[PDB]
């Protein structure tokens, strides 16, 4: 499940936070879409990508390897700090025609996804 994959991702030394959603993929059956926040001082790179995926592949298994790693500083959270998973699902799925602490995070997530 998603919690297992998130836990494995957070376990990575360079990963601070993670939230994973499953979304229908027409080619793949289901795609594992992972939003990931690196720790302070860490920065995304073409090779950190493969390292993280290899990490998950070893920790959990190839079936749990994320299809997309979406690096972000911008996990959407309620003011008490709860992850707004429903917003993450909508953005990953392109279902974006419609308690959130910082509204500005949505625009940043949408930009990062198109990149």
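Residue numbers count along the first chain shown, from 1.
- Unmodelled residues of the deposited sequence between residue 98 and residue 99: 4 to 9.
- In this entry, the higher average B-factor at the C-alpha atoms falls on 101 to 109, of the pair 16 to 24 and 101 to 109.
- Averaged over Cα atoms, the B-factor as recorded in the entry is higher for 25 to 33 than for the other of 60 to 68 and 25 to 33.
- Among the modelled residues of the chain, residue 3 sits in the middle third by CA temperature factor in this PDB entry.
- The entry lists a Cα temperature factor for residue 40 that places it in the highest third of the chain's modelled residues.
- In the deposited entry, the Cα temperature factor of residue 50 places it in the highest third of its chain's modelled residues.
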